[PDB]
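Undergrad: Build me a structure from this.
(one chain, ligands or ions: 1)
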Amino acid sequence: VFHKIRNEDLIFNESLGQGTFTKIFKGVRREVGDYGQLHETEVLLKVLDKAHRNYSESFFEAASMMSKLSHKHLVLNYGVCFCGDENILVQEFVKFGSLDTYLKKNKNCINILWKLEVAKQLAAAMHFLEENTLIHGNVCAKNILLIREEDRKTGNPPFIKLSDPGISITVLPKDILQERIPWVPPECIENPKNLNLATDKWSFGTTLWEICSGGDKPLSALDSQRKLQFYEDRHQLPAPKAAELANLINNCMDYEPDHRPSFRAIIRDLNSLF
Ligand SMILES: Nc1nc(Nc2ccc3c(c2)CC[C@@H](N2CCCC2)CC3)nn1-c1cc2c(nn1)-c1ccccc1CCC2
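TA: Numbering: from 1, shown residues only. Please find the structure below.
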């Protein structure tokens, strides 16, 4: 169940981007904090498009997952607002935004150790979800948010969080699903309504490819029908320029779901790169 926040307390500011049938804006929330102190807190405001209110339940059940669980690497949900005849989620605002944008923007300044650390944090987050038998279903660099930059003076590493998954792939139309190849695994392309836990292991491999490819989008040059043919012909992604994680990527992107390794095994593999 969602803590109610008032339109009177929420201020809408600039657009921050788009998701599937959603728009996000930076916001300000007036609230009473610890010790009764008044705070105007930066917040993320996610709005389901009016033309697609049909997806409100999945849109809201997506965020509910992230409230029933608490973990250092999972975005917080503050609640919802009846901010007009409109369905709106109020969430944690992450200073430095999406990882895919950050990778592009700072490809020259990011080394393999920075990439390895972020991969470990994502894997730890996914391990937590696996242990709870929860399927995220939308793991991608765009949904990974940078809380904190590396501090080269002190050697302090970056810190990331995984956002909520958004509208489930089990209800999205096929044209959107195909656009999301190769994040959407092949077994979900042939039947979206049979999502298994193994889904996130495949998408984790794809996201790992983004991390090693400095923000590039794998298979962006292929249209939807060619992305389908990519799966039909059982192709694998090419080794990213930084080929350190190529074998882990292809091991996670296994066309047999049951053969994809546990996230415990993935973490030990990431640790064993030392
Ligand atoms: N929680 C959450 N904080 C935030 N801060 C955020 C958003 C945009 C920016 C920045 C921060 C940083 C500033 C700018 N430059 C300049 C310097 C650094 C980078 C970039 C702009 N973004 N963000 C989120 C983001 C998403 C979903 N959810 N949340 C999301 C989750 C599930 C489904 C769909 C979506 C919608 C899209 C992705």
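
Undergrad: For the residue lying closest to residue 95 once chain neighbours are set aside, which residues are in contact?
TA: Excluding its sequence neighbours, the residue lying closest to residue 95 (Cβ to Cβ, 6 or more residues apart in numbering) is residue 147, at 6.5 Å. Every residue, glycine included, has its C-beta placed from N, CA and C. By Cβ atoms under 8 Å, 6 or more residues apart in numbering, residue 147 lies in contact with 94, 95, 96, 158, 159, 160, 161.

Undergrad: now the host helix or strand of residue 147, how far from the centre of its chain.
TA: Residue 147 belongs to strand 144-148 when assigned by DSSP states H and E. The chain centroid and the centroid of strand 144-148 are separated by 11 Å under Cα atoms, centre = their mean, to the nearest Å.

Undergrad: wait, doesn't residue 71 sit right on residue 126?
TA: No - judged on Cβ atoms under 8 Å, residue 71 makes no contact with residue 126 at a distance of 10.6 Å.

Undergrad: who touches residue 3 in this structure?
TA: Contacts of residue 3 were listed using Cβ under 8 Å, 6+ apart, and they are 78, 79, 80.

Undergrad: what's the burial count for residue 106?
TA: With neighbours defined by other Cβ atoms under 10 Å, the count for residue 106 comes to 16.

Undergrad: what do you get for residue 54?
TA: Applying other Cβ under 10 Å, we find 12 residues neighbouring residue 54.

Undergrad: now do residue 178
TA: Neighbours of residue 178 under the rule other Cβ under 10 Å: 17.

Undergrad: what do you get for residue 122?
TA: By the criterion of other Cβ under 10 Å, residue 122 has 25 neighbours.

Undergrad: repeat for residue 82
TA: For residue 82, using other Cβ under 10 Å, the count is 12.

Undergrad: tell me which residues in the longest helix along the chain are buried?
TA: The residue-count maximum for a helix in the chain (DSSP state H) belongs to helix 112-131. Buried residues in helix 112-131, counted by 16 or more other Cβ atoms under 10 Å: 114-130.

Undergrad: Counting by contacts, list what that helix packs against.
TA: In this structure, helix 112-131 makes packing contacts with strand 159-162, helix 199-212, helix 263-271, judged by 3 or more Cβ pairs under 8 Å, 6 or more residues apart in numbering; DSSP states H and E.

Undergrad: how close does residue 52 sit to residue 21?
TA: 4 Å (Cβ to Cβ, to the nearest Å).

Undergrad: where along the stretch 1-150 of the chain do the helices fall?
TA: Taking DSSP state H, counting those that start in this stretch as the criterion, the stretch 1-150 of the chain carries its helices at 56-68, 99-105, 112-131.

Undergrad: Tell me which of those sits nearest to the ligand.
TA: When the helices of the stretch 1-150 of the chain are compared by Cβ to the nearest ligand atom, helix 99-105 sits nearest the ligand, at 5.5 Å.

Undergrad: Could you export that closest one as CSV, CA atoms only?
TA: C-alpha atoms of helix 99-105 as CSV (Å, rounded to 0.1, in the frame of the first residue of the first chain):
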residue,chain,number,x,y,z
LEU,A,99,24.1,5.2,-16.1
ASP,A,100,23.8,4.9,-19.9
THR,A,101,23.9,8.7,-20.3
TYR,A,102,26.8,8.9,-17.8
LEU,A,103,28.8,6.2,-19.6
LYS,A,104,28.7,8.1,-22.9
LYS,A,105,29.3,11.5,-21.2
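
Undergrad: other SSEs contacting it?
TA: Counting by 3+ Cβ pairs under 8 Å, 6+ apart, helix 99-105 packs on strand 144-148, helix 199-212.

Undergrad: Determine which stretch of those is the most buried.
TA: helix 199-212 (a mean of 25; mean count of other Cβ atoms under 10 Å).

Undergrad: and after it, which helix or strand comes next?
TA: helix 224-232.
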